[PDB]
Trainee: 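Pasting in a structure now, in structure tokens, and then I'll have a few things to ask.
One-based numbering along the sequence shown.
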Amino acid sequence: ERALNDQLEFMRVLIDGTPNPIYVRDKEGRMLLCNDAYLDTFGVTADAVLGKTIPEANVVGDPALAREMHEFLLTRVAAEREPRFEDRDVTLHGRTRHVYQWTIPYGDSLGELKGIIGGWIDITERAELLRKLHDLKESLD
């Protein structure tokens, strides 16, 4: 019984208590996990994401949520077995952010790939902090 609560406490931290967006997507593209940093970037809840996909091709009607998420995620490569890293600008809610994107594939042993762990870091958010602090101390000089 104690083993379950420790996992629950671990999930509480992983989902409600990690600052950078992180997600887990299976082989077929279904989203298994995403923390609040992921969800709050788009202002949605887990019920709108878990078990659902971010298709590579454009969906009829140009649905906004899938469109916005596609920009932050990385394309689905032909079963890649090595980490990936990219950085780009993404525009959302009238604000353009420089983001550092990453994905790590995983398997159930036996060499069998089952999904990818991924996420991104908002670089602009860090630069804004440094810029605001530098402008502050400078204004005091």
Trainee: Quick check: closest heavy atoms across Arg84 and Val77, and the distance to 0.1 Å?
Mentor: NH1-CG2, 3.1 Å
Trainee: Can you confirm whether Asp89 sits close enough to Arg97 that some side-chain heavy atom of one is under 4.5 Å from a side-chain heavy atom of the other?
Mentor: no
Trainee: Do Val90 and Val44 land in one hydrophobic cluster if side-chain heavy atoms of ILVMFWY residues count as linked below 4.5 Å?
Mentor: yes
Trainee: Verify the neighbour count for atom CZ of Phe85: are there more than 12 heavy atoms of other residues, nucleotides or ligands below 6.0 Å?
Mentor: yes
Trainee: Under 6.0 Å from the CG atom of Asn58, do we count more than 12 heavy atoms belonging to anything else shown?
Mentor: no
Trainee: When clusters are formed by joining ILVMFWY residues with side-chain heavy atoms under 4.5 Å apart, either directly or through shared neighbours, do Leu8 and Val13 land in the same one?
Mentor: no
Trainee: Do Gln101 side-chain atoms and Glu71 backbone N/O form a donor-acceptor pair below 3.5 Å?
Mentor: yes
Trainee: If you measure from CG on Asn5 to CZ on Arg12, what distance do you get to the nearest 0.5 Å?
Mentor: 11.5 Å
Trainee: Can you tell which of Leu129, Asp122, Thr124 makes a side-chain contact (heavy atoms from CB on, under 4.5 Å) with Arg126?
Mentor: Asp122
Trainee: Distance check, rounded to the nearest 0.5 Å: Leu110 atom CG versus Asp108 atom CG?
Mentor: 5.5 Å
Trainee: Does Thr41 reach the main-chain N or O of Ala37 with its side chain, forming a donor-acceptor pair under 3.5 Å?
Mentor: yes
Trainee: Not counting sequence neighbours, which residues clear side-chain contact (heavy atoms from CB on, under 4.5 Å) with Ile123? List them please.
Mentor: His98, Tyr100, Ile121
Trainee: Measuring only between side-chain heavy atoms, which start at C-beta, is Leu32 closer than 4.5 Å to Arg25?
Mentor: no
Trainee: Has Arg76 got a side-chain atom pairing as donor or acceptor with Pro55's backbone, closer than 3.5 angstrom?
Mentor: no
Trainee: Just so I know, are the side chains of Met11 and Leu33 near enough to count as touching, which here means a heavy-atom distance under 4.5 Å?
Mentor: yes
Trainee: Measure the CG-NZ distance between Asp47 and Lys52 for me, rounded to the nearest 0.5 Å.
Mentor: 7.0 Å
Trainee: To the nearest 0.5 Å, tell me how far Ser109 OG sits from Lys114 NZ.
Mentor: 9.5 Å
Trainee: Is a donor from one side chain sitting under 3.5 angstrom from an acceptor on the other, for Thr18 and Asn35?
Mentor: yes
Trainee: Treating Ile, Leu, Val, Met, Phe, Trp and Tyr as nodes and any side-chain heavy-atom pair under 4.5 angstrom as an edge, say whether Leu14 and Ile116 lie in one connected cluster.
Mentor: no
Trainee: Any heavy-atom pair between the side chains of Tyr106 and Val24 that's under 4.5 Å?
Mentor: yes
Trainee: My understanding is that only one of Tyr38, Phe42, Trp102 makes a ring-ring contact (aromatic ring centres under 6.0 Å, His included) with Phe72; could you say which?
Mentor: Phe42
Trainee: At their closest point, which heavy atom of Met31 faces which heavy atom of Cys34, and how far apart are they?
Mentor: CE-CB, 4.4 Å
Trainee: Using the rule given for side chain to side chain donor-acceptor pair (under 3.5 Å), can you reason through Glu56 versus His70, listing the C-alpha separation, both sets of side-chain angles and the distance that settles it, and then say yes or no?
Mentor: CA-CA 7 Å; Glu56 299 292 344; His70 189 249; 3.0 Å; yes
Trainee: Under the side-chain contact (heavy atoms from CB on, under 4.5 Å) rule, what do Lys132 and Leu136 come out as? Steps first, then yes or no, please.
Mentor: CA-CA 6 Å; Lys132 292 169 188 299; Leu136 181 55; over 6 Å; no
Trainee: With a 4.5 Å heavy-atom cut-off, do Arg88 and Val99 have their side chains touching?
Mentor: yes
Trainee: Measuring only between side-chain heavy atoms, which start at C-beta, is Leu50 closer than 4.5 Å to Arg30?
Mentor: no
Trainee: Applying side-chain contact (heavy atoms from CB on, under 4.5 Å) to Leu113 and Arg81, what does each step give before you reach the verdict?
Mentor: CA-CA 8 Å; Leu113 303 186; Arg81 303 181 185 272; 3.7 Å; yes
Trainee: Would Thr103 and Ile117 satisfy side-chain contact (heavy atoms from CB on, under 4.5 Å), going step by step from the backbone distance to the final call?
Mentor: CA-CA 5 Å; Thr103 60; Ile117 306 141; over 6 Å; no
Trainee: Find the distance between OG1 (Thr53) and CD (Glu28) and round it off to the nearest 0.5 Å.
Mentor: 11.0 Å
Trainee: First locate atom CG of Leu39, then atom OG1 of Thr45, and finally report the distance between them rounded to the nearest 0.5 Å.
Mentor: 7.5 Å
Trainee: What pair of heavy atoms forms the shortest contact from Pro83 to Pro105, and how long is it?
Mentor: N-CD, 4.1 Å
